[PDB]
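Structural features, examined
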Amino acid sequence: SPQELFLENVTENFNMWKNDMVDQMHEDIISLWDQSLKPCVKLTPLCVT
Amino acid sequence: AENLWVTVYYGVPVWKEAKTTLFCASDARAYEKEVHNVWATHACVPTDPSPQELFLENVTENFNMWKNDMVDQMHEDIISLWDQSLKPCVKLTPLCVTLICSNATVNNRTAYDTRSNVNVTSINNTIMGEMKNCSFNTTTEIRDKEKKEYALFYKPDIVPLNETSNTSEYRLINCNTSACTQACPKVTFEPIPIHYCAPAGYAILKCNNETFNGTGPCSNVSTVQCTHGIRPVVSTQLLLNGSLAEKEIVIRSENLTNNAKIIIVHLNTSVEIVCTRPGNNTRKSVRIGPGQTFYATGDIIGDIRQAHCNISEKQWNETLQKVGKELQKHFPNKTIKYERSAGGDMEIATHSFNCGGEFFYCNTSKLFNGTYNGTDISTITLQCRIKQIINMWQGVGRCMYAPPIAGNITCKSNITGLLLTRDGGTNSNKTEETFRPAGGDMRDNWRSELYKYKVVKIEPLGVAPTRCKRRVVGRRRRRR
Amino acid sequence: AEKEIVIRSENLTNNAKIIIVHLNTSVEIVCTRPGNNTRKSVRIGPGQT
Amino acid sequence: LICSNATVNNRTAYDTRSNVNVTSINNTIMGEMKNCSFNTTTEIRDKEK
Amino acid sequence: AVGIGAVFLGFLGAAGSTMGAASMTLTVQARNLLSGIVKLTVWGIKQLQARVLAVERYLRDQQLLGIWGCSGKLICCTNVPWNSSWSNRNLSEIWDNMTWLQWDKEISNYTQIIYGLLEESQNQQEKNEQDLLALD
Amino acid sequence: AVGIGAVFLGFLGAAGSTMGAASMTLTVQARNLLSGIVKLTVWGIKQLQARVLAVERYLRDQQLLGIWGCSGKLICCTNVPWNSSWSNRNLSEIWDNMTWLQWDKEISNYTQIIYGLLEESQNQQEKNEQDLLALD
Amino acid sequence: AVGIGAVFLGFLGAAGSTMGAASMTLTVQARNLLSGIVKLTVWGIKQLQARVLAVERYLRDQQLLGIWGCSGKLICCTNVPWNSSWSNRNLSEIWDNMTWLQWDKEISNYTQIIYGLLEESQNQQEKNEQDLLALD
Amino acid sequence: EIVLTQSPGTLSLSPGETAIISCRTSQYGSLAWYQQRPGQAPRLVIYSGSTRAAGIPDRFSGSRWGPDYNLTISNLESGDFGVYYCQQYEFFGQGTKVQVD
Ligand SMILES: *[C@@H]1O[C@H](CO)[C@@H](O[C@@H]2O[C@H](CO)[C@@H](O[C@@H]3O[C@H](CO[C@H]4O[C@H](CO)[C@@H](O)[C@H](O)[C@@H]4O)[C@@H](O)[C@H](O[C@H]4O[C@H](CO)[C@@H](O)[C@H](O)[C@@H]4O)[C@@H]3O)[C@H](O)[C@H]2NC(C)=O)[C@H](O)[C@H]1NC(C)=O
Ligand SMILES: *[C@@H]1O[C@H](CO)[C@@H](O[C@@H]2O[C@H](CO)[C@@H](O[C@@H]3O[C@H](CO)[C@@H](O)[C@H](O)[C@@H]3O)[C@H](O)[C@H]2NC(C)=O)[C@H](O)[C@H]1NC(C)=O
Ligand SMILES: *[C@@H]1O[C@H](CO)[C@@H](O[C@@H]2O[C@H](CO)[C@@H](O[C@@H]3O[C@H](CO)[C@@H](O)[C@H](O)[C@@H]3O)[C@H](O)[C@H]2NC(C)=O)[C@H](O)[C@H]1NC(C)=O
Ligand SMILES: *[C@@H]1O[C@H](CO)[C@@H](O[C@@H]2O[C@H](CO)[C@@H](O[C@@H]3O[C@H](CO)[C@@H](O)[C@H](O)[C@@H]3O)[C@H](O)[C@H]2NC(C)=O)[C@H](O)[C@H]1NC(C)=O
Ligand SMILES: *[C@@H]1O[C@H](CO)[C@@H](O[C@@H]2O[C@H](CO)[C@@H](O[C@@H]3O[C@H](CO)[C@@H](O)[C@H](O)[C@@H]3O)[C@H](O)[C@H]2NC(C)=O)[C@H](O)[C@H]1NC(C)=O
Ligand SMILES: *[C@@H]1O[C@H](CO)[C@@H](O[C@@H]2O[C@H](CO)[C@@H](O)[C@H](O)[C@H]2NC(C)=O)[C@H](O)[C@H]1NC(C)=O
Ligand SMILES: *[C@@H]1O[C@H](CO)[C@@H](O[C@@H]2O[C@H](CO)[C@@H](O)[C@H](O)[C@H]2NC(C)=O)[C@H](O)[C@H]1NC(C)=O
Ligand SMILES: *[C@@H]1O[C@H](CO)[C@@H](O)[C@H](O)[C@H]1NC(C)=O
Ligand SMILES: *[C@@H]1O[C@H](CO)[C@@H](O)[C@H](O)[C@H]1NC(C)=O
Ligand SMILES: *[C@@H]1O[C@H](CO)[C@@H](O)[C@H](O)[C@H]1NC(C)=O
């Protein structure tokens, strides 16, 4: 539940390109896929001619 | 008790000698936490190691280098680092196929030590001559086709005569006991200095009165948040890239009369040593499995017949002389007589070290062949040998394969300390003068640096009698 | 149990539910496999036995 | 695995006052246990025994 | 046994001096007791263990101070008189001669009684204050 | 509802007795709430989780005491009057019949108001004292 | 610079308003600073790291308040006079114009002096009170 | 040097009597005593001066300050006889023989 709150007179500078949360997402996604695919099957025996 | 009341105090300067885990502080900075390991990039902390020493007015403290648990901490951390770093890398199990080997061939190279071209390996006997050219069937990626690869192995890395004494068939030495793992290329890592910082609530004390024998009290005490840079180098029969003592040569044993106890000698002036493997090795790359690659030495191009280490004669001679003088002080009214290495395994019968990822072993009979308080009355050349398959530490079960390094490799080092033992039974009138070099656990190496320090936990709460009763009365009391 | 034998179920009328009986005096049991087994050791792979 | 009935090199039986004669009558441990021989790989992956 | 304190010493630099001279550095030892220092690997466990042990040490010390009515101060006067058991200690050496590192050895074997006495006295004072306030 | 405390009981041995005969283990209850108990394996995570959760529980409780002006004491008188909506409770059994384990059930469904009341009253008192000091 | 406090804003909703009004929300920021939020995987390390850093930051802040004689209060009057080097600041704009987010940029480059002055004055007052009690 | 020296080399003692053996050490170091059961492997008895070995009764005891150590065996039983050796880091004493009358 976000539970948004509005502020009276705040002014702030935003930058989308330097937003490090996208890097956080990138690392989290790669870690998730890597650790989830680790226990699964290996295809090495299937490399027959 | 009409004049006598307790008082609680906090932040009081008191400490006790507990034990705890310490922080690893790097050089600040040479790390890349996933791209490549230089010593502990995956693990250790890249933070500022500034010691910020503080001197204490009247503190007197008891030190003991032998019982210093930080050497055990170093041992555990080093083993964990190597074990976790070598785990993801390649396995050598597919390479244990039967090897057929033969003497090497030289395509008209030249020799350093003689003004003539190479003619025969048996006389041109170094690198070439101690190397066997082996060819073997290996599985390709598709698992249904095989091909005749070839590679050159050092003779210690292969074992005949369990393949019968007339077959010319060889195995890898490791397969008799265990399976090796190749060192990853990007992971290659070298003796970066490391600093130990105490955790919160602990203080690392240091003793500055350098002349102390390693035990007993010390008065020139000081406090430090992070130790100086200890280099995690490992070598046998000789300490190198170490520190130096401000006094002349220092010798430390827990009991010199206890002959089995190692005697660590710490120098005041370094003696420079240069070691080199001439000749350009060509890194061959042969495929194993779907996506695994094995590195081996192909042909060696250039001039061949050398694997040497060089030491200045007179400098080492005088260093040994001063060692002899100090040992004559400790052992009164008898000479000192250095001798060849006693024996034992190759890793301690020879001086051992690593340069550029290549492990060297060197015959040291040239070096300790001395007499009364010095050598008998120009550069000394040590013949050396190279192994690729390595047992990690002395006799631990972890094996390795060291990938070869292409091109000529040269390294320099500063000899700073010696590791010695003494002759035993007596025969009193003709035994005390004998000393020999000896091997050493890595604890013996690291103690020569971590004799300085001690770890104590702060006890920041204390009680004492003062002049106050809470909200009520004062006190009558005494003075010096 | 300090009392004599004890019986436990969340409903004894519920037949499918297990009935745990707890004793007060132990009954000794001895089990044995006579004959000397000889442990053979055969090698597999580089360093597995 | 190629398997066959076991063999006894003149042992004795606890339960009767006579020497072992046949596994079918001397039916415990021996008789319920099969002797199996199989080709296995040595360490060098090119020889089998 | 007491002195006008300072913080510019950085860390444990005294030490050595007597208790009436070593009682100046309380602020710096209080500060440094907790502050600082700050592909799959496990030394995160080691770091977390060290930090948690330090935090629990600090919390236990602060709790022990709080029970005795001393939380919020470094010096703390209390009501517990010096027991009938001692009546003997060497205070001429306390004020100006012994450092804390030496004095800590002369209160060992007996420190366990002090905390009990402090706790009892503080609880008595607390209930006495409630009894006073209940009458208005 | 109050009495002279003790610590030799070790742990929660009372319990059971009425509030005026049970609000005396405060020292030991405060002590045991945080102190103690203290190849690759992961139960270091479990131990660290338990330690951190206990520490956070203690810190939240201490913070709630601090907001109300009660930090530094176990007992704490306050200014908030008894609620306008209650004016009814069975105090004859508060003093000498109900144990804490029973009384805690009767204050449920109303505790959430009391924390807000305490916070507001404490902040009013804080600003009042600041104004009084700033008066001269 | 001061206002009658409040907790009903939930979180950081002010902000923006002047210091004389933004100084009312102290309770809620104090509360939310620590409370909450709460097959083999490693993000337990991440959660423990976040929790431990939050707890450590809170403990550092509380220790700094305790050294200055301010632990147990949100507002805290002290004795350190306005610095000899400043004697110039824009107080007409402090009371009713500047918000805290703006005023925090102006006290920068000078706060490190205050964090020494406060503890110096507190230790002086501590030893003075101890001497006064010892006087009787 | 001559780090150990025992005396008396030969001793005659009837069962139940107390025995006495002396070892002189000419250099600082540990000291100990052994019991050679005849025709068997000897075993440790006393080490680090006065401290007894494992499983040895209180019949066996001794002490020293500096160079001279005295070993005493109160109530020597028939099975306790034999030859006793003094040892220090590498050396062995010349041994002392005690026989039963
Ligand atoms: C004891 O102390 C001495 C110093 O007193 C150490 O000597 C160093 O030893 C290391 C190897 O252990 C040497 O490292 C290698 O140096 C090579 C030469 O460097 C020079 O030339 C290159 C260009 O060729 C320049 O860029 C560089 O600045 C130097 O001028 C490098 O070519 C090697 O590169 C390889 O390793 C790095 C690091 O892993 C990789 O990133 C590279 O891709 C490449 O694979 C390597 O760096 C070092 O040069 C020696 N220094 C000196 C002054 O001699 C001893 O190592 C130390 N320990 C022992 C046991 O003696
Ligand atoms: C270590 O010390 C040894 C011995 O002091 C050094 O050996 C010398 O190596 C050089 C080449 O590096 C040799 O030079 C050649 O000498 C012959 C004459 O013998 C000459 O005809 C050639 O043109 C060339 O100049 C030199 O002979 C050789 N010395 C000896 C005694 O064999 C070595 O170089 C030193 N360094 C290393 C890294 O080994
Ligand atoms: C280091 O190098 C030296 C010199 O190359 C090696 O010395 C040689 O060692 C061998 C083996 O111990 C000796 O062999 C013996 O020779 C005698 C005859 O002299 C013979 O009677 C024995 O049966 C045995 O074969 C050899 O003499 C000796 N030579 C010299 C000049 O010392 C040494 O072994 C090397 N050590 C290491 C650790 O590499
Ligand atoms: C202990 O031994 C040393 C020599 O090892 C004796 O002192 C003198 O030391 C100097 C400097 O090392 C010797 O001169 C040098 O000799 C070497 C050959 O070993 C040579 O390579 C150098 O170029 C230089 O000439 C000097 O010969 C030596 N004196 C004697 C009489 O040998 C010292 O005397 C010995 N200690 C005692 C108590 O005698
Ligand atoms: C468990 O209980 C059984 C049955 O009571 C025990 O079996 C008995 O085992 C003993 C040997 O351990 C047998 O002794 C032999 O008896 C024959 C005569 O039948 C005699 O000629 C042999 O010299 C030997 O003494 C005994 O016969 C046998 N009893 C029966 C009824 O078969 C068994 O020992 C108990 N324990 C275990 C661990 O099984
Ligand atoms: C090591 O042995 C290999 C295999 O015998 C050598 O490689 C072959 O050398 C011959 C000539 O000697 C060539 O005709 C072949 O084309 C080479 N390759 C193969 C796959 O056979 C190699 O030269 C030897 N190296 C040394 C130093 O003796
Ligand atoms: C189980 O089978 C193995 C293999 O047949 C037996 O081992 C052989 O026994 C014969 C005699 O029966 C010997 O001549 C051989 O030397 C044995 N070894 C091999 C490798 O053949 C084994 O005896 C059998 N065991 C039992 C209990 O029947
Ligand atoms: C090297 O040179 C010699 C003399 O020129 C020649 O006989 C020989 O064939 C050449 N090659 C090898 C491999 O020796
Ligand atoms: C060892 O030193 C002696 C000194 O007399 C010398 O004669 C001998 O040649 C030396 N041997 C070696 C291998 O250095
Ligand atoms: C066992 O003993 C019997 C009788 O002595 C004999 O006939 C037989 O060959 C022996 N061996 C086996 C395996 O039965």
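So, how was this worked out
Residues numbered from 1 in each chain as written, not as in the entry; some residues may be left out. Chains lettered and ligands numbered in written order. Part of a larger assembly, values for the part shown. Heavy atoms only, no water. Residues with missing side-chain atoms left out of burial classes, pairs and counts. Near = heavy atom within 4 Å. Polar contact = N/O pair within 3.5 Å; in protein donor to acceptor, adjacent residues only side chain to side chain. Areas by Shrake-Rupley, 256 points an atom, 1.4 Å probe, with all protein chains shown as cover. Nonpolar A, V, L, I, M, F, W, Y, C, P; charged D, E, K, R; others polar. Disulfide = S-S within 2.5 Å. Helix = DSSP H or I, 4+ residues; strand = E, 2+ residues; numbered from the N terminus. Buried < 20%, exposed > 50% of the residue type's maximum accessible area, 1.4 Å probe, protein only. Least-squares fit on C-alpha atoms. Contact = heavy atoms within 4.5 Å. Buried area = accessible area lost by both parts, 1.4 Å probe. Salt bridge = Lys/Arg side-chain N within 4 Å of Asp/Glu carboxyl O. Core = buried A, V, L, I, M, F, W, Y, C linked by side-chain atoms within 4.5 Å. Axes fitted to C-alpha atoms, helices over the stretch in contact; angles between N-to-C directions. Parallel < 35°, antiparallel > 145°, perpendicular 65-115°, else oblique. Left-handed = near helix turned anticlockwise from the far one by under 90°. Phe/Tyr/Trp six-rings, centres within 6.5 Å; stacked < 30°, edge-to-face > 60°. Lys NZ or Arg CZ within 6 Å of the ring centre and 35° of its normal.

Under the PDB entry, chain E has the name CH848.0526.25 gp41 and belongs to Hiv-1 06tg.ht008. The title attached to this entry in the PDB is "CryoEM structure of VRC01-CH848.0526.25".

By the naming in the PDB entry, chain D is CH848.0526.25 gp120, taken from Hiv-1 06tg.ht008.

Residue and element names in this part refer to chain B. Near ligand 6, the surroundings consist of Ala104, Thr105, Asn133, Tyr150 and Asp299. Contacts to ligand 6 include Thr105, whose backbone N or O atom sits 2.9 Å from an oxygen atom. Across the complex, the protein chains shield 40% of the 590 Å² of accessible surface that ligand 6 would expose by itself. For the shell around ligand 6, the class distribution of residues is two nonpolar, two polar and one charged.

Right, let's talk about the state of the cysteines for a bit. Residues and elements named next belong to chain D. Within this structure, the stated rule accounts for 15 disulfides over all chains. What pairs with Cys3 in a disulfide is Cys36, and their sulfur atoms sit 2.0 Å apart. One disulfide, between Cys3 and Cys36, carries an S-S torsion of 110° and so falls in the right-handed class. On the criterion of sequence distance, the pair formed by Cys3 in strand β1 (residues 2-4) and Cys36 in strand β2 (residues 35-37) is long-range, its members being 33 residues apart. Using a relative accessible area of 38% as the deciding quantity, one classes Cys3 as partly exposed.

Now for the relation of the copies chain G and chain E. Note on the chain copies: they are related by a rotation about an axis and a translation along it. Mapping chain G onto chain E calls for a screw motion: a turn of 120° about the axis and a shift of 0.0 Å along it, with 0.3 Å RMSD after fitting. In symmetry terms, the pair is related by a three-fold rotation axis.

Next up on the list: the interface of chain E and chain B. Facing 61 residues of chain E, the contacting portion of chain B comprises 56 residues. Among the residues of chain E in contact with chain B, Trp43(E), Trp82(E) and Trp100(E) are the three that bury the most area, contributing 13% of the side total. In this assembly, chain E and chain B are joined by three salt bridges. Between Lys39(E) and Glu34(B) there is a salt bridge whose closest N-O contact spans 2.8 Å. Taken together, chain E and chain B are joined by 17 residue pairs in polar contact. Elements with a minimum of two residues in the side of chain E that touches chain B: α2 (26-32), α3 (43-67), β1 (75-81), α4 (91-96), α5 (100-107) and α6 (111-133) of chain E. With nine residues, the single largest contributor to the side of chain E that touches chain B is α3(E). Looking at side-chain class alone, the side of chain E that touches chain B contains 38 nonpolar, 16 polar and seven charged residues.

Here the focus is the nonpolar core. Ranked by size, the top nonpolar core spans 49 residues in total, and within it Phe353(B) and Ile415(B) carry the most contacts. Not counting the four nearest positions on each side in its chain, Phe353(B) is found in contact with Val234(B), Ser235(B), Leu240(B), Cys275(B), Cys309(B), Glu358(B), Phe359(B), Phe360(B), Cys362(B) and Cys411(B). Counting 47 residues, the second largest nonpolar core, distinct from the first, contains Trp68(E), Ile75(E), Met98(E) and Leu118(E).

Relative orientation of the contacting elements helix α2 (residues 43-67) of chain F and helix α3 (residues 43-67) of chain G amounts to 30°, with a least axis distance of 11 Å. Taken together, the axes of α2(F) and α3(G) are roughly parallel relative to one another. Our pair here, α2(F) against α3(G), has a crossing hand that is left-handed. Seen from α2(F), the contacting residues are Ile45(F), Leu48(F), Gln49(F), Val52(F), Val55(F), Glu56(F), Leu59(F) and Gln63(F); seen from α3(G), they are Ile45(G), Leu48(G), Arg51(G), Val52(G), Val55(G), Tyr58(G) and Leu59(G). Of the residues in the contact of α2(F) with α3(G), the class split is 11 nonpolar, two polar and two charged.

The next thing to look at is unusual backbone geometry. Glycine aside, a negative phi is what most residues show, and trans is what most peptide bonds show. A cis amide bond, omega 10°, links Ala28(B) with the succeeding residue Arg29(B). Tracing the chain through its elements places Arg29(B) in the loop between β3 (23-25) and β4 (54-55). The omega torsion of the bond from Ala14(G) to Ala15(G) falls at -10°, within 30 degrees of zero and hence cis. By the secondary structure assignment, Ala15(G) is in the segment before α1 (19-22). We note that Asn373(B) has phi near 50°; this positive angle belongs to a residue other than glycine. Within the secondary structure, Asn373(B) is located in the loop between β23 (358-362) and β24 (379-387). Overall, the relative accessible area of 27% leaves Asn373(B) in the partly exposed class.

On to the packing of aromatic side chains. Summed over the entire model, instances satisfying the criterion amount to 21 aromatic pairs over all chains. Consider the rings of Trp86(G) and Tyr110(G), whose centres lie 6.0 Å apart with planes at 80°: the pair is edge-to-face. On the criterion of sequence distance, the pair formed by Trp86(G) in the loop between α3 and α4 (91-96) and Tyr110(G) in the loop between α5 (100-106) and α6 (111-135) is long-range, its members being 24 residues apart. According to the relative accessible area criterion, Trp86(G) is buried, its value standing at 9%. Clustering of aromatic rings is evident, with ring pairs tying together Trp39(B), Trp82(B), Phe189(B) and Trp393(B). A cation over an aromatic ring shows up here: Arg252(B) above the ring of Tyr451(B), its NZ or CZ 3.8 Å from the ring centre. A cation over a ring is seen here: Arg89(G) above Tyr110(G), with NZ or CZ 4.9 Å from the ring centre.

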